[PDB]
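In what follows, a structure is listed as C-alpha cells, so that the remarks can point back to it.
For neighbour counting, all protein chains shown are included, and Cβ atoms are generated from backbone atoms with ideal geometry for every residue, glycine included. Coordinate-derived values only; no laboratory data.
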Amino acid sequence: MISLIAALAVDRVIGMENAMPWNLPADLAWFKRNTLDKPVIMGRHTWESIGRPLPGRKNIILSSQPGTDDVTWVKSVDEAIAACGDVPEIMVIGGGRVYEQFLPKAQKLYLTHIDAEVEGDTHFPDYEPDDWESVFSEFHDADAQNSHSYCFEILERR
Ligand SMILES: CN(Cc1cnc2[nH+]c(N)nc(N)c2n1)c1ccc(C(=O)N[C@@H](CCC(=O)O)C(=O)O)cc1
C-alpha cells in the first residue's frame with residue numbers, strides 16, 4: 001500500500017530545499033511513529049535535509065542523478081516500489097515533485113497542519129475532500145517544544 005505523510009504549512013506550502021521555519025518535535029515524533037518499520041522514498045532535497053539516513057527504515061531516493069551513499073537508489077517511480085518490496089505500507093516522505101508522482105497511485109495521507117504563514121513556491125498536490133475520507137482529527141496548540149500550532153489528519157483515499 002502507498003500513502004503520503006507530510007508537514008504542509010498554510011496555503012498548502014511544502015519543503016523546497018531550505019529548512020522550514022519551525023521546530024515542532026511533536027510532528028517529528030509523529031513521523032517516527034508512523035514511519036518505523038516502514039519503507040520510505042524521498043526526493044534529493046529532503047535527503048540532504050535529514051542529514052542522516054532514517055534509522056530502522058528502508059532509505060530509498062528518487063532522483064535522476066547518481067547515488068551518493070551506499071540507501072537504495074532508484075531512478076523511477078517503478079524501481080522505487082519494487083525496492084520497497086512486499087510490505088503492507090509504503091511511506092512517501094516526498095518532497096514536492098516526489099509526492100505528485102505518488103498521488104495517483106496513492107491511497108492514504110498522514111499530514112499535519114501547521115498554522116504558520118510561510119512564503120514559498122511549491123505546494124502539496126491538490127485533492128478533492130470527499131474523495132479522501134476523514135478518519136483521525138487531533139489538534140494541538142503550541143506549548144514549549146513546538147513553536148507552532150499543528151494538526152493531525154489521516155486521509156484514506158475514498
Ligand atoms: C527534513 N525532514 C523531512 C520531513 C520532516 N518532517 C516531516 N513531517 C511530516 N509530518 N511529514 C514528512 N514527510 C516530514 N518530512 C526530516 C528531518 C529530520 C527527521 C528526523 O530527524 N527524524 C527522526 C526523529 C527526530 C530525531 O531528531 O531523532 C526519526 O527517527 O524519524 C525526519 C524528517
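Kindly identify the chain as rounded, prolate or oblate by the Cα gyration tensor criterion: order the square roots of the eigenvalues as a ≥ b ≥ c, call it rounded if a/c is under 1.5, otherwise compare a/b with b/c, prolate if a/b is larger, else oblate. List each step's numbers first, then the result.
Numbers: a/c = 1.56, a/b = 1.30, b/c = 1.20.
Note, shape of the chain comes out prolate.
Can you tell me which of 146-156, 87-97, 48-58 comes out highest on packing, and rank the rest after it, using the mean Cβ neighbours within 10 Å?
Listed from highest to lowest mean packing, they are 87-97, 146-156, 48-58.
With charges set only on the Cβ (+1 for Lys and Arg, -1 for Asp and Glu), what does the dipole of the chain come to about its Cα centre, in debye to the nearest 20? Can you show the working numbers first?
On the way: 14 positive and 26 negative charges, 138 e Å.
The calculation lands at about 660 debye.
Got a sec? Charge dipole of the chain, +1 on Cβ for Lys and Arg, -1 for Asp and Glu; which of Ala6, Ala80, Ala26 is way out at the positive end?
Of the listed residues, the answer is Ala80.
Can you classify the range 69-158 as rounded, prolate or oblate using the Cα gyration tensor, where a ≥ b ≥ c are the square roots of its eigenvalues, rounded means a/c under 1.5, and otherwise it's prolate if a/b beats b/c and oblate if not?
Numbers: a/c = 1.85, a/b = 1.50, b/c = 1.23.
Since a/c reaches 1.5 and a/b is larger than b/c, the shape of the range 69-158 is classed as prolate.
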